[PDB]
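Q: So that we are looking at the same thing, I have put the structure below in structure tokens.
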Amino acid sequence: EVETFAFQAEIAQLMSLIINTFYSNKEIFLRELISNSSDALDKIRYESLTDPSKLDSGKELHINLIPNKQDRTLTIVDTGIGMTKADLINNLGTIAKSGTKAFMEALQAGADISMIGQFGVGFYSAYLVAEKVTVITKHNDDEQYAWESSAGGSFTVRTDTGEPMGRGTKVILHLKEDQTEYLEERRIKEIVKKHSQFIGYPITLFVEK
Ligand SMILES: O=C1CNC(=S)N1CCc1ccccc1
């Protein structure tokens, strides 16, 4: 059972802009997702200070990067607070609408795509390198869901039947054919050392067979 939804018009405009603008400095997407994961870890960590049972679904707070050359996917896993079904359908886009509009006003003023993080909507930079994004998420107060979009105006939400995660979020980037450099260990390491040396959680690169 799968539900299909339309993006808000401003978000569909930002995604189509990100997929179509010729922009070579695509590596910033990794910085943005790691920073998002760090935020999600901060929130679960803070909540657990007054309620330790919030960590019953997982005490480790970390970020894994999992390239896969065979499936041409790069997965960013974190054990943060995760997202409810209402987050996936409404709440995230509600908070993002203001940063989307402001970010597009800047782009018409000549501003750079790499400044997307300052408006709180850096996750859509995933579409610089991904033709399709799958988000597997589990929040303490909801069931495990799978969000997916290939842009084009619509996304899907469904209950996830795969491996239970406990708590956290899995961002799976189905990379475009010409963006496989982000599946290489030394390229990922160069980006992480450069863009996210100052994250307060362990970042583990999973290297392949
Ligand atoms: O826009 C929505 C509505 N519901 C969810 S989730 N998003 C976030 C899309 C996203 C893109 C890239 C990386 C991570 C997430």
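Q: What is the calculated FRET efficiency for residue 161 to residue 66, with r their C-beta to C-beta distance and R₀ = 22 Å, to the nearest 0.05? Spell out each step's value before the answer.
A: Working: r = 20 Å, r/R0 = 0.91.
Using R0 = 22 Å, I get an efficiency of 0.65.
Q: With point charges of +1 on the Cβ of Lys and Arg and -1 on the Cβ of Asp and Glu, referenced to the Cα centre of segment 2-205, which listed residue (146, 2, 197) lies farthest in the positive direction of the dipole?
A: The one lying farthest along the dipole's positive direction is 197.
Q: Right, something else. Across segment 3-13, in residue order, what do the Karplus-derived ³J(HN,Hα) couplings come to in whole Hz, using 6.51 cos²θ - 1.76 cosθ + 1.60 with θ = phi - 60° and x for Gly and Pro?
A: 10, 9, 10, 8, 4, 4, 4, 5, 6, 4, 6
Q: Here's another thing I want to ask about it. Going by C-beta contacts inside 10 Å, put 157, 135, 121 in order with the fewest on the left.
A: On the way: 157 18, 135 21, 121 25.
Going from sparsest to densest Cβ surroundings: 157, 135, 121.
Q: Apply the Karplus parameterisation 6.51 cos²θ - 1.76 cosθ + 1.60, with θ equal to phi minus 60°, to every residue of segment 60-76 and state each ³J(HN,Hα) to the nearest whole Hz, in sequence, with x for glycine and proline.
A: So the Karplus estimates, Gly and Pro as x, are 6, 10, 7, 10, 10, 10, 10, x, 8, 6, 6, 8, 6, 10, 10, 10, 10 Hz.
Q: Let me ask something else. Could you give each residue of segment 172-188 its phi-based ³J(HN,Hα) in whole Hz, using Karplus coefficients 6.51, -1.76, 1.60 with θ = phi - 60°, and x for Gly or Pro?
A: 10, 9, 8, 5, 5, 4, 8, 10, 6, 4, 7, 9, 9, 4, 6, 6, 4
Q: Using Cα positions and a limit of under 14 Å, work out the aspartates and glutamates in reach of residue 101, with same-chain residues fewer than 8 apart set aside.
A: 10
Q: Give me the orientation-averaged projected area of the Cα convex hull of the chain, in nm², one decimal.
A: On the way: hull surface 47.3 nm².
Mean projected area for the chain: 11.8 nm², to one decimal.
Q: Related question: Would you list, by chain and number, the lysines whose Cα falls below 17 Å from the Cα of residue 43, excluding same-chain residues fewer than 8 positions away?
A: Reachable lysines: 54, 59, 138, 170.
Q: Could I ask something else about it? Could you sort the peptides 174-182, 107-115 by per-residue average Cβ neighbour count (10 Å cutoff), highest mean leading? Working shown, then result.
A: Numbers: 174-182: 15.2, 107-115: 11.9.
Per-residue mean Cβ counts within 10 Å order the peptides as 174-182, 107-115.
Each reported figure results from applying straightforward, stated rules to the coordinates on display, with no laboratory input. Cβ atoms come from the backbone with ideal geometry, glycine included; neighbour counts cover every protein chain shown.
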